[PDB]
Structures are given as C-alpha cells and as structure tokens.
Amino acid sequence: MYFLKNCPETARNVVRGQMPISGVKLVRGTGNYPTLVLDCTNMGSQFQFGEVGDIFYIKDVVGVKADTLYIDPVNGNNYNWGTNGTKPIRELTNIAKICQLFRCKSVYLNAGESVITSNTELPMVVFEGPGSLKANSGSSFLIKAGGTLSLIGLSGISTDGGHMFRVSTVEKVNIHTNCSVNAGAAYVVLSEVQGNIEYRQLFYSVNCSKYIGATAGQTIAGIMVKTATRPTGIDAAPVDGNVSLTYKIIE
Amino acid sequence: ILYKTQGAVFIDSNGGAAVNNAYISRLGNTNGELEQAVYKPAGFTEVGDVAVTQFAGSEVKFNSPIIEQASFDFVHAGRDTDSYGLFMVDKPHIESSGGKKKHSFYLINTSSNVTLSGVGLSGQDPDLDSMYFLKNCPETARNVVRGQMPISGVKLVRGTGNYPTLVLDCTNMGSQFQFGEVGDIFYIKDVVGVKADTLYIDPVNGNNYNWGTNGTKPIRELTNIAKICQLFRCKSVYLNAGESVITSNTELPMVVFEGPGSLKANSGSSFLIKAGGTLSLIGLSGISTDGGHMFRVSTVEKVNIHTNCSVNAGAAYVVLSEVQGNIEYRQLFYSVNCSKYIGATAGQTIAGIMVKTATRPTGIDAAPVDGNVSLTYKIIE
C-alpha cells in the first residue's frame with residue numbers, strides 16, 4: 001500500500017481510518033528512518049489475512065493492541081504482522097519493537113530453535129510454546145527495560161559462549177526461567193550497569209559459571225534456584241564479587 | 001429534506017458517493033416514534049422515524065449533516081457477508097425539540113469513524129435512550145469517536161453482542177463524567193487520551209449507568225472497576241459507605257482504595273490480581289471473604305499487596321498465587337485473620353511478608369505461608 005522512499009527522521013506518515021477488508025501488505029521502503037504511524041487505525045482482520053511488509057518502517061502505534069506475538073522459525077514469514085497465530089513471523093530481530101508497538105503480553109515460540117547471531121533485545125513478557133531460544137556466535141539476549149521476563153515451558157535457552165542475558169537498565173529486573181537454561185562457561189545474567197536484579201530458576205535444569213555477575217560497580221540481586229540439576233559447586237558463591245545479594249534461596 | 005418516515009436511504013453500491021451539508025429533518029417530533037422505516041436492513045427492527053438509513057455495503061461519506069427532530073438520526077448496517085461499509089459521519093449537528101430521541105447512531109454489524117462537534121443529545125428514556133447503540137458489531141470492528149461530546153449530559157452507549165468496539169480517540173468529554181452517563185461500559189473497546197484520577201463506588205446510591213469518574217456520579221457495583229481503571233488510567237478507587245460485594249471472581253485494579261466502605265467476596269468468590277504493581281487498601285472499613293481465598297494472583301510480575309485495614313480471610317489465605325509468583329504482602333495495623341498469609345497452587349512462588357499488628361494469628365508466625373511459597377524476608381514481631 002505504502003512505499004516510503006528516503007523519508008527523513010523528522011517526517012511522519014500518519015495512517016488513520018479503516019484498513020481494506022481484504023488482506024494487504026502495508027508498507028515497504030528505503031532509508032534509515034521509520035516514519036509510518038498507526039493512529040488508532042482500524043486494522044480489521046489484517047493481522048490474520050494481511051502483512052506488514054517491512055516492520056522497520058513503522059515509527060509508532062497508538063490505539064492498536066494485540067495480546068500475543070507468534071514466532072515460527074520453520075514456517076514463519078517476516079512479512080507477517082506476527083500478532084495472529086496463523087501468520088507468525090520467522091526471526092527474533094524485531095520482537096522487542098513489535099511487542100512495544102502493540103503492547104503484547106506474551107511471545108509464543110512454535111517448535112524449533114529461534115536463534116540470534118548478534119545481540120538482540122527481548123521484551124519483558126511471558127515466553128511460552130515448544131520452541132527454544134539460542135544465542136550463537138557468542139551473542140547475548142539483551143534486557144533494556146524493567147519488569148519481568150519469563151520463559152515458561154520452552155524447550156530451553158542456551159548460548160554458544162556469551163553471557164545469556166545482558167542487563168543495561170538500572171530499573172528493577174526480574175528474570176523467571178521455568179525451562180532448561182545453559183550458559184556454559186558464561187553467566188545466566190550479566191549486569192552492564194549498577195543493576196537491581198531478581199533471578200528465579202524453577203525446576204528443569206540450569207548451568208553457568210555464575211548465575212549473576214556484573215562488569216563493575218556493585219549490582220544488587222536476589223536469587224532463587226529451585227532445581228536439583230544445577231552447578232551445586234556454586235551454591236556457596238552463586239554470584240560474582242560485583243553483585244551483592246538481598247536474598248538467597250537454594251535447596 | 002423534510003420527511004415523515006425516512007429522510008434519505010442509501011443501499012448497496014455507492015462507492016465514493018458524498019452527501020455534504022445535508023439538512024435532514026422530520027417536520028416536528030409528534031408521533032415520530034411510531035413511524036416504521038420502509039427501506040431498512042434486516043437487523044433494524046425498532047420503531048421510529050430514521051433521518052438517514054444505510055445498508056448492504058453502502059459507504060456514503062456524510063460531511064457536516066444537520067439532522068433534526070429524528071427518532072433515529074442514523075441507522076447503518078455493514079454488509080451481511082463481511083461487515084463491509086464504513087459508517088462515516090463528520091461533525092453532525094443533531095437537534096431535537098424536547099430532547100425526544102431514541103438513538104443517534106444505530107450501528108449494526110459495522111465499523112465507524114465519527115467526529116463530534118459538541119452538539120448532540122440522548123433521549124428522555126433514562127434506560128433505553130443512548131447516543132450509540134451497537135448491534136452485533138464483530139470482534140474486528142471498531143467504532144471510533146473523535147471530537148467533542150455534547151455540552152449537556154448524555155448516555156453514551158448501549159448495545160447487543162459479545163464484542164466491545166467503541167473507541168474514544170482523544171474525545172473531549174467536557175463535563176460528561178459529572179453530568180452524563182456511559183450507559184453500558186461493556187461496549188467500550190479502547191480509550192486514547194482520556195484520563196480520570198479516581199473511580200467512585202457507592203453500593204447504596206450509585207448507578208451503573210454512570211461513568212463513575214466523578215464523585216457526584218459514582219457507579220454501584222465492582223464488576224467493571226478493573227476495566228474502567230485501565231481505560232481511564234485511574235490512580236485510586238473511592239468506596240463510599242456500605243459494603244461493596246462480589247459473588248463471582250472479580251479483578252481488582254492495582255491502585256489505592258480509600259473511603260469508609262468495605263469489600264466483601266461472597267459465594268466463595270475471590271478478588272483477582274492479574275497485573276503487577278501495588279494494590280493498597282487504606283482506611284477502609286475492612287475486606288473479608290465468606291470462604292474463598294482473598295486474592296488470587298495470576299501474574300508472574302511483581303505484585304505488592306498493602307492492607308492498612310481489617311482483613312479476614314477466615315480459614316482461607318489472604319493471597320493464593322496461581323502461577324510461579326513474586327509477591328510482597330504488608331499488613332499495617334488493624335487486624336488480620338487467615339490460615340496462611342500466602343499460598344500457591346504449585347511450583348514455588350517467592351514472597352516477602354510484613355505483618356505489623358498484634359491482632360494476627362500468632363499460631364502461624366513460625367509458618368506464615370504454605371509449602372509452595374519461599375520467603376525472601378519476614379517481618380513479624
């Protein structure tokens with residue numbers, strides 16, 4: 001419908017009214033700045049039958065919501081909105097942005113491994129589904145906002161070497177993992193700022209050198225690890241020296 | 001147009017057609033409510049003259065029409081097959097002598113975009129008359145309202161069907177919270193740019209037709225308080241004197257509750273906590289249940305429960321986590337009674353607890369929570 005060619009950072013291409021009844025591909029473009037705005041647009045059933053095209057070009061959304069973002073690394077299509085179960089997207093690249101725009105409460109991961117090869121932000125929502133999450137090429141999942149990130153019943157999450165969650169926000173961060181977790185020789189959580197983190201591992205299994213660490217100046221954290229399958233050797237020292245514990249619940 | 005039964009009727013293919021600055025009026029109000037529309041959609045069964053009727057996929061653009069003395073100003077139905085046909089009205093000037101009117105916008109199986117110009121009204125029947133009547137509008141439909149509400153109080157919406165579709169898009173509400181009525185809050189899907197600080201509840205004198213956001217017009221039941229608070233971004237709920245009760249599980253917004261009223265969960269129901277934040281009960285005459293757990297938490301986000309009033313959960317718990325929760329509960333003075341402060345249905349919930357009152361079940365100071373809850377901190381003398 002729209003082609004945004006080199007629209008400047010300050011420009012806005014506002015869309016109001018009602019979308020066509022039949023599905024359409026909303027936008028495509030060229031240029032380094034998103035400018036399309038959905039201002040209370042009546043999307044009809046476009047989430048189910050249409051496509052966004054290129055999500056990069058959407059600047060902001062007002063009055064349009066969706067409860068869940070669906071990902072399918074096998075049968076997904078990035079042209080899709082991703083907010084309707086029958087039209088899931090394929091990659092994780094823009095899931096933080098999409099959840100931000102549509103105020104999603106959860107992300108559903110269909111069967112298969114959803115992978116990242118460079119640092120990618122995760123929205124602070126509930127992740128569910130049979131899929132798994134993987135950080136390759138020594139990348140990390142990024143936590144840039146406060147709230148609670150929950151991984152529930154997933155096939156697991158792991159990295160091929162890098163720290164699993166890099167926290168760059170000073171707001172209260174809760175990490176709730178109810179699935180298998182494996183950060184290998186790295187940490188499950190690395191605070192890159194003077195953080196405030198609560199981490200809780202519920203059942204399944206967890207592996208890491210430290211559950212939580214920080215690059216420098218003291219980070220406060222609370223931790224609960226409820227599972228027999230853990231690095232029992234760090235029960236006495238679950239965090240690095242840059243982290244101070246508010247509470248420790250293990251065993 | 002000066003008519004008796006129907007002013008104008010637009011049906012089927014009228015793509016791109018326009019009706020600008022129309023002046024449609026019935027000649028007087030007398031017996032207008034008895035006129036029976038001749039050309040109408042199947043979905044319109046009411047009796048009363050209709051100024052403008054539209055159906056079968058007709059989507060004429062109505063710019064600044066002036067509609068007078070009509071029972072129904074506009075009756076519009078989307079196409080039967082796929083709800084096609086946007087109801088488009090920009091700045092209608094609606095008037096009626098004696099304030100006689102049934103509905104201004106009778107929308108059936110459709111979407112709409114209406115901009116108000118501060119002119120309008122709702123009928124004399126304090127129960128059935130409303131500006132909008134939304135009939136069987138599908139889940140994907142949106143009936144958007146922009147502009148300025150009428151200066152005089154009106155009842156905004158009524159409807160039939162299982163899906164909310166009305167959207168307040170930065171609507172200038174004027175003094176409608178104080179003088180008008182929402183009518184049926186169920187039909188409101190979303191609200192943008194419209195806020196209110198407090199929701200007022202009065203189980204004795206309240207009226208559910210009210211918005212509830214103005215102190216002189218409180219609502220009466222707790223059924224939709226969470227929805228209303230979420231829509232208008234309310235910061236607190238004020239409970240007027242008397243007992244506000246629920247008989248089935250009801251969500252509570254995470255805001256401050258104040259006032260002389262009390263909260264009561266009857267027939268075994270529980271209050272539901274579905275979002276993170278802080279729920280505070282300050283100075284109320286008390287909160288209690290007739291047997292169900294007091295607060296059922298279904299969110300994994302951090303939840304703070306602050307009760308500075310009398311709390312009685314009887315043989316049940318004050319808080320039951322239905323998920324792997326993260327809860328902090330603080331009881332300040334007054335009294336508290338329960339079998340356990342916090343419990344969970346399964347796989348460990350973390351909780352912090354402070355109980356500052358001598359009037360508590362001291363028998364559980366040593367074991368304040370069930371086996372599915374692990375404590376982060378415990379502050380009890």
# chains A, B, ... in the order shown; residues from 1 in each chain; ligands from 1

call {"tool": "closest_atom_pairs", "arguments": {"of": "chain B", "to": "chain A", "cutoff": "10 Å", "atoms": "only C-alpha atoms", "output": "CSV"}}
result
residue,atom,partner,partner_atom,distance
B:82,CA,A:21,CA,7.8
B:83,CA,A:21,CA,8.6
B:84,CA,A:21,CA,6.8
B:85,CA,A:21,CA,9.3
B:86,CA,A:18,CA,7.7
B:88,CA,A:17,CA,9.8
B:111,CA,A:18,CA,8.2
B:112,CA,A:18,CA,8.4
B:113,CA,A:17,CA,7.1
B:138,CA,A:44,CA,9.6
B:139,CA,A:44,CA,8.6
B:140,CA,A:44,CA,4.8
B:141,CA,A:44,CA,6.0
B:142,CA,A:42,CA,6.0
B:143,CA,A:42,CA,8.6
B:144,CA,A:40,CA,8.4
B:167,CA,A:63,CA,8.6
B:168,CA,A:63,CA,9.5
B:169,CA,A:40,CA,7.2
B:189,CA,A:63,CA,10.0
B:190,CA,A:63,CA,7.1
B:191,CA,A:63,CA,7.5
B:192,CA,A:63,CA,6.4
B:193,CA,A:63,CA,9.7
B:276,CA,A:147,CA,8.9
B:299,CA,A:126,CA,9.8
B:300,CA,A:148,CA,7.5
B:301,CA,A:148,CA,5.6
B:302,CA,A:148,CA,7.6
B:324,CA,A:202,CA,8.3
B:325,CA,A:176,CA,9.4
B:326,CA,A:174,CA,9.1
B:347,CA,A:202,CA,7.2
B:348,CA,A:202,CA,7.4
B:349,CA,A:202,CA,9.4
B:350,CA,A:224,CA,8.2
B:374,CA,A:249,CA,7.7
B:375,CA,A:249,CA,8.3
B:376,CA,A:247,CA,5.9
B:377,CA,A:247,CA,7.8

call {"tool": "residues_around", "arguments": {"residues": "residue A:143", "least_positions_apart": "4", "cutoff": "7 Å", "atoms": "only C-alpha atoms", "output": "VMD selection string"}}
result
chain A and resid 121 to 122 165 to 168

call {"tool": "select_by_dssp", "arguments": {"residues": "stretch 38-257 of chain B", "states": "strand (DSSP E or B)", "output": "PyMOL selection string"}}
result
chain B and resi 50-55+61-63+66-68+72-77+87-90+93-95+103-108+112-117+130-135+143-148+155-160+166-169+172+181-183+188-192+198-201+219+236-239+243-246+250-251+256-257

call {"tool": "residues_around", "arguments": {"residues": "residue B:118", "least_positions_apart": "5", "cutoff": "7 Å", "atoms": "only C-alpha atoms", "output": "number ranges by chain"}}
result
B: 148-151

call {"tool": "atom_distance", "arguments": {"atom1": "atom CA of residue B:30", "atom2": "atom CA of residue B:69"}}
result
9.1 Å

call {"tool": "residues_around", "arguments": {"residues": "residue A:94", "least_positions_apart": "4", "cutoff": "10 Å", "atoms": "only C-alpha atoms", "output": "list in words"}}
result
residues 55, 56, 78, 89, 98, 99, 100, 120, 121, 122 and 123 of chain A

call {"tool": "write_last_selection", "arguments": {"atoms": "N, CA, C and O atoms", "output": "PDB file, in the first residue's frame"}}
result
ATOM      1  N   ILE A  55       8.469  -4.166   8.810  1.00  0.00           N
ATOM      2  CA  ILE A  55       8.239  -3.577  10.129  1.00  0.00           C
ATOM      3  C   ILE A  55       9.242  -2.477  10.485  1.00  0.00           C
ATOM      4  O   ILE A  55       9.000  -1.675  11.389  1.00  0.00           O
ATOM      5  N   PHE A  56      10.357  -2.419   9.766  1.00  0.00           N
ATOM      6  CA  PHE A  56      11.359  -1.417  10.063  1.00  0.00           C
ATOM      7  C   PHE A  56      10.796  -0.016   9.921  1.00  0.00           C
ATOM      8  O   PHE A  56      11.185   0.883  10.661  1.00  0.00           O
ATOM      9  N   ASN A  78       8.481 -13.255   7.698  1.00  0.00           N
ATOM     10  CA  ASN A  78       8.705 -11.932   8.257  1.00  0.00           C
ATOM     11  C   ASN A  78       7.814 -10.811   7.697  1.00  0.00           C
ATOM     12  O   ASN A  78       7.754  -9.727   8.275  1.00  0.00           O
ATOM     13  N   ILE A  89       5.657 -14.674  12.561  1.00  0.00           N
ATOM     14  CA  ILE A  89       6.852 -14.197  11.875  1.00  0.00           C
ATOM     15  C   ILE A  89       7.928 -15.295  11.979  1.00  0.00           C
ATOM     16  O   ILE A  89       7.677 -16.347  12.568  1.00  0.00           O
ATOM     17  N   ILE A  98       8.171  -4.983  18.113  1.00  0.00           N
ATOM     18  CA  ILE A  98       6.779  -5.354  17.860  1.00  0.00           C
ATOM     19  C   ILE A  98       5.940  -5.403  19.137  1.00  0.00           C
ATOM     20  O   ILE A  98       4.798  -4.927  19.163  1.00  0.00           O
ATOM     21  N   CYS A  99       6.492  -5.991  20.195  1.00  0.00           N
ATOM     22  CA  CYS A  99       5.773  -6.054  21.461  1.00  0.00           C
ATOM     23  C   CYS A  99       5.591  -4.638  22.012  1.00  0.00           C
ATOM     24  O   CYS A  99       4.583  -4.347  22.649  1.00  0.00           O
ATOM     25  N   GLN A 100       6.569  -3.769  21.782  1.00  0.00           N
ATOM     26  CA  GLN A 100       6.455  -2.386  22.260  1.00  0.00           C
ATOM     27  C   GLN A 100       5.305  -1.668  21.553  1.00  0.00           C
ATOM     28  O   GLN A 100       4.458  -1.042  22.192  1.00  0.00           O
ATOM     29  N   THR A 120      20.482  -9.261  20.721  1.00  0.00           N
ATOM     30  CA  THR A 120      19.091  -8.923  20.441  1.00  0.00           C
ATOM     31  C   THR A 120      18.249  -8.716  21.694  1.00  0.00           C
ATOM     32  O   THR A 120      18.196  -9.578  22.562  1.00  0.00           O
ATOM     33  N   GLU A 121      17.572  -7.574  21.772  1.00  0.00           N
ATOM     34  CA  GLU A 121      16.720  -7.278  22.918  1.00  0.00           C
ATOM     35  C   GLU A 121      15.505  -8.191  23.010  1.00  0.00           C
ATOM     36  O   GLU A 121      14.889  -8.529  21.998  1.00  0.00           O
ATOM     37  N   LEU A 122      15.152  -8.594  24.227  1.00  0.00           N
ATOM     38  CA  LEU A 122      13.951  -9.398  24.428  1.00  0.00           C
ATOM     39  C   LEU A 122      12.933  -8.525  25.165  1.00  0.00           C
ATOM     40  O   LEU A 122      13.310  -7.773  26.065  1.00  0.00           O
ATOM     41  N   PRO A 123      11.648  -8.594  24.775  1.00  0.00           N
ATOM     42  CA  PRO A 123      10.654  -7.804  25.508  1.00  0.00           C
ATOM     43  C   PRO A 123      10.433  -8.432  26.883  1.00  0.00           C
ATOM     44  O   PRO A 123      10.619  -9.647  27.027  1.00  0.00           O
TER      45      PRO A 123
END

call {"tool": "closest_residue", "arguments": {"among": "A:221, A:1, A:38, A:214", "to": "residue A:196", "atoms": "only C-alpha atoms"}}
result
A:221

call {"tool": "residues_around", "arguments": {"residues": "residue B:128", "least_positions_apart": "6", "cutoff": "10 Å", "atoms": "only C-alpha atoms", "output": "list in words"}}
result
residues 102, 103, 122, 155, 157, 158, 159 and 183 of chain B

call {"tool": "write_last_selection", "arguments": {"atoms": "C-alpha atoms", "output": "PDB file, in the first residue's frame"}}
result
ATOM      1  CA  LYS B 102     -34.081   7.062  20.704  1.00  0.00           C
ATOM      2  CA  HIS B 103     -30.551   6.829  19.266  1.00  0.00           C
ATOM      3  CA  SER B 122     -29.702  11.483  24.167  1.00  0.00           C
ATOM      4  CA  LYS B 155     -25.855   8.451  27.900  1.00  0.00           C
ATOM      5  CA  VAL B 157     -23.577   3.722  24.525  1.00  0.00           C
ATOM      6  CA  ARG B 158     -25.816   0.649  24.728  1.00  0.00           C
ATOM      7  CA  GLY B 159     -25.616  -2.488  22.617  1.00  0.00           C
ATOM      8  CA  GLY B 183     -24.614   3.621  29.749  1.00  0.00           C
TER       9      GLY B 183
END

call {"tool": "residues_around", "arguments": {"residues": "residue A:13", "least_positions_apart": "6", "cutoff": "6 Å", "atoms": "only C-alpha atoms", "output": "PyMOL selection string"}}
result
chain A and resi 35-37

call {"tool": "residues_around", "arguments": {"residues": "residue B:203", "least_positions_apart": "6", "cutoff": "8 Å", "atoms": "only C-alpha atoms", "output": "ChimeraX atom specification"}}
result
/B:219-221,240-244

call {"tool": "atom_distance", "arguments": {"atom1": "atom CA of residue B:290", "atom2": "atom CA of residue B:235"}}
result
28.3 Å

call {"tool": "decode", "arguments": {"residues": "stretch 147-192 of chain A", "atoms": "N, CA and C atoms", "output": "compact mmCIF listing (two decimals), in the first residue's frame"}}
result
# COMPACT_ATOMS: atom_id res chain seq x y z
N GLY A 147 10.89 -4.74 34.59
CA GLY A 147 9.73 -5.60 34.52
C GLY A 147 10.14 -7.04 34.76
N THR A 148 9.38 -7.98 34.21
CA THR A 148 9.68 -9.40 34.38
C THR A 148 9.72 -10.15 33.07
N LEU A 149 10.83 -10.83 32.81
CA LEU A 149 10.98 -11.64 31.62
C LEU A 149 10.78 -13.08 32.11
N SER A 150 9.78 -13.78 31.57
CA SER A 150 9.51 -15.17 31.98
C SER A 150 9.61 -16.12 30.81
N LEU A 151 10.33 -17.22 31.00
CA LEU A 151 10.46 -18.24 29.98
C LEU A 151 9.77 -19.45 30.58
N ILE A 152 8.58 -19.74 30.08
CA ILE A 152 7.78 -20.81 30.66
C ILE A 152 7.49 -21.99 29.75
N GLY A 153 7.98 -23.17 30.15
CA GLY A 153 7.74 -24.39 29.41
C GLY A 153 8.40 -24.49 28.04
N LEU A 154 9.38 -23.63 27.78
CA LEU A 154 10.08 -23.66 26.49
C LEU A 154 10.95 -24.91 26.42
N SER A 155 11.47 -25.22 25.24
CA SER A 155 12.34 -26.38 25.07
C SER A 155 13.72 -26.07 25.61
N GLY A 156 13.90 -24.82 26.05
CA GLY A 156 15.16 -24.41 26.64
C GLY A 156 15.77 -23.16 26.06
N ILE A 157 16.78 -22.64 26.74
CA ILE A 157 17.50 -21.48 26.25
C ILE A 157 18.98 -21.71 26.52
N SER A 158 19.83 -21.37 25.56
CA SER A 158 21.26 -21.56 25.73
C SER A 158 22.07 -20.64 24.85
N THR A 159 23.36 -20.50 25.17
CA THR A 159 24.28 -19.70 24.37
C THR A 159 25.45 -20.59 23.95
N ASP A 160 26.16 -20.20 22.90
CA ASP A 160 27.31 -20.97 22.46
C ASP A 160 28.59 -20.37 23.05
N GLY A 161 28.44 -19.60 24.12
CA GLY A 161 29.59 -18.99 24.77
C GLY A 161 29.40 -17.66 25.47
N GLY A 162 28.57 -16.79 24.93
CA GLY A 162 28.37 -15.49 25.56
C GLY A 162 27.43 -15.55 26.76
N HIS A 163 27.46 -14.51 27.58
CA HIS A 163 26.56 -14.44 28.73
C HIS A 163 25.14 -14.44 28.17
N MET A 164 24.23 -15.14 28.84
CA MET A 164 22.85 -15.27 28.35
C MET A 164 22.02 -13.97 28.30
N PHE A 165 21.93 -13.26 29.42
CA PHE A 165 21.16 -12.03 29.49
C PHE A 165 22.05 -10.87 29.90
N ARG A 166 22.21 -9.89 29.02
CA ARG A 166 23.00 -8.72 29.36
C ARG A 166 22.02 -7.61 29.77
N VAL A 167 22.12 -7.16 31.03
CA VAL A 167 21.22 -6.13 31.55
C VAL A 167 21.84 -4.74 31.49
N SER A 168 21.20 -3.83 30.75
CA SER A 168 21.69 -2.47 30.62
C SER A 168 20.73 -1.43 31.21
N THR A 169 19.74 -1.89 31.97
CA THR A 169 18.82 -0.95 32.62
C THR A 169 19.07 -0.98 34.13
N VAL A 170 18.87 0.16 34.79
CA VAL A 170 19.06 0.23 36.24
C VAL A 170 17.73 -0.01 36.97
N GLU A 171 16.65 -0.17 36.21
CA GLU A 171 15.36 -0.44 36.83
C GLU A 171 15.30 -1.87 37.34
N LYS A 172 14.30 -2.16 38.17
CA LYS A 172 14.13 -3.50 38.72
C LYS A 172 13.87 -4.50 37.60
N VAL A 173 14.75 -5.49 37.51
CA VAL A 173 14.64 -6.55 36.52
C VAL A 173 14.41 -7.91 37.17
N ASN A 174 13.35 -8.60 36.75
CA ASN A 174 13.07 -9.95 37.24
C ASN A 174 13.22 -10.89 36.06
N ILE A 175 13.99 -11.95 36.27
CA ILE A 175 14.21 -12.98 35.26
C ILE A 175 13.69 -14.28 35.87
N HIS A 176 12.66 -14.82 35.22
CA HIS A 176 11.96 -16.01 35.67
C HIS A 176 12.11 -17.09 34.62
N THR A 177 12.95 -18.08 34.87
CA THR A 177 13.14 -19.15 33.91
C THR A 177 12.62 -20.49 34.43
N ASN A 178 11.56 -20.96 33.79
CA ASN A 178 10.90 -22.22 34.10
C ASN A 178 11.07 -23.09 32.86
N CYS A 179 12.33 -23.39 32.56
CA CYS A 179 12.72 -24.19 31.42
C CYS A 179 14.20 -24.48 31.59
N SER A 180 14.75 -25.31 30.72
CA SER A 180 16.17 -25.62 30.82
C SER A 180 16.99 -24.39 30.42
N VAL A 181 18.05 -24.11 31.19
CA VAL A 181 18.92 -22.96 30.95
C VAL A 181 20.38 -23.39 30.92
N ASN A 182 21.10 -23.01 29.86
CA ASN A 182 22.50 -23.38 29.76
C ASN A 182 23.37 -22.27 29.18
N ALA A 183 24.12 -21.61 30.06
CA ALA A 183 25.01 -20.53 29.65
C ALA A 183 26.47 -20.99 29.61
N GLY A 184 26.67 -22.30 29.66
CA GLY A 184 28.00 -22.89 29.62
C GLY A 184 28.98 -22.29 30.61
N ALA A 185 30.11 -21.81 30.09
CA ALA A 185 31.14 -21.19 30.93
C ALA A 185 30.80 -19.75 31.30
N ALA A 186 29.73 -19.22 30.72
CA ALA A 186 29.32 -17.83 30.99
C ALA A 186 28.24 -17.74 32.07
N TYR A 187 27.79 -16.52 32.34
CA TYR A 187 26.77 -16.26 33.34
C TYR A 187 25.37 -16.27 32.74
N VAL A 188 24.37 -16.54 33.58
CA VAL A 188 23.00 -16.50 33.11
C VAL A 188 22.66 -15.02 32.92
N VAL A 189 23.08 -14.20 33.88
CA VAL A 189 22.83 -12.76 33.84
C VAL A 189 24.09 -11.94 34.06
N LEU A 190 24.35 -10.98 33.17
CA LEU A 190 25.49 -10.09 33.33
C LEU A 190 24.95 -8.67 33.36
N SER A 191 25.17 -7.97 34.48
CA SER A 191 24.73 -6.59 34.59
C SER A 191 25.83 -5.68 34.08
N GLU A 192 25.51 -4.87 33.07
CA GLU A 192 26.46 -3.93 32.48
C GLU A 192 26.37 -2.56 33.14
